[PDB]
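Included below are structure tokens for two forms of one protein chain, each presented in isolation as structure 1 and structure 2.
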Structure 1
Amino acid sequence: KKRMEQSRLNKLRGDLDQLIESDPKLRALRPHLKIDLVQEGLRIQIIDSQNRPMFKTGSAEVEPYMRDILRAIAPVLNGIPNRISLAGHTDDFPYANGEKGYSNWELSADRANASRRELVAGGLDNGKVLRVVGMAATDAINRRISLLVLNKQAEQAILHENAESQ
């Protein structure tokens, strides 16, 4: 039912918790790792701040700790068949320097894909990611990578909203 699925998600939640609490490097970054259940499934948020950035300035290049986080969780996410929506949220000051129209919009999507490639390098099955998302609004700095492990319902709703058919 929606039962075997919820059970899988709860187990995944526990496995991620076990992984984080058994790794010194992850324990040190815990405040920047948020896990919760949302309508569409299990959500994992990785906070990207000025004090502890997950990417190099104005770049989609991951920082050491971001690489450690993504590669560490990749194998665990692979445990279940649920697919994932990966979102890059970049509410920061106007992108400066190198830019042929390149703004926080391009930066947010690029970071989302940069995170996707790290998960894959870490062992995430290709195909697991169903979509990447970018969101950027014009001490209000808010940057983060969201990894949503979708329940069947949400996955289907996305596939229907994205098909050419009616």
Structure 2
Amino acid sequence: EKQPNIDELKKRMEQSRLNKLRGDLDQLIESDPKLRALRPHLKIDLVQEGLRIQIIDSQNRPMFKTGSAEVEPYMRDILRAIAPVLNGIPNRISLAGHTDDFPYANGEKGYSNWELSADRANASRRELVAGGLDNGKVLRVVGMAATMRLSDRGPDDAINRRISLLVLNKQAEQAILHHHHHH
């Protein structure tokens, strides 16, 4: 009832802030006809670490052309549109790239899905900043290569190529700071 109660309080307040951000992002996408047309690529959900925004490929509409870390026009549009809204709260963010463009776990001695995934996370980062994301908002960029694929190769594997933007709650941010500072 002591520390825990006050702990739960802060947790709930943070959730309410991230929940409002979630509704705000969904509304931004809905009210803009061009962004709404791109909604099939957007998946937003609340996770233990905060609020996750995934921008996923479709086979006919990839956010990055195969083998490239250059954003497509609609990818730039999505990122620049959400940027100012992400500034609505003080929370920092992490960007993670998931990529399977190149042969699965092959020729990893050179440029592979590791470099491409990280480069795509950073390309997305640059668009958020160009779109107005406050300086210092980003806390981490991650390349996950194809280690978190959601589908084996085939007609529905476009989901293996996606950019994940995680708006970190206090604990998640603290866990990251501790991870790189402890000892």
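Take the two forms, superpose them, and find the largest set of C-alpha atoms that agree within 1.5 Å; that set is the rigid core. One-based numbering along structure 1's sequence throughout.
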Self-check item: residue 79 C-alpha shift between structure 1 and structure 2 of 2 Å or more, rigid core reference
Solution: no
Quiz item: Using the core for the fit, does the CA position of residue 64 change by 2 Å or more between structure 1 and structure 2?
Solution: no
Quiz item: After a core superposition, would you say residue 39 shifts its C-alpha by at least 2 Å between structure 1 and structure 2?
Solution: no
Exercise. Would you look up how far the C-alpha of residue 26 moves between structure 1 and structure 2 when the rigid core is overlaid, in angstrom?
Key: 1.1
Exercise. Determine, in Å, the CA shift of residue 117 between structure 1 and structure 2 after the rigid core is used for superposition.
Key: 0.4
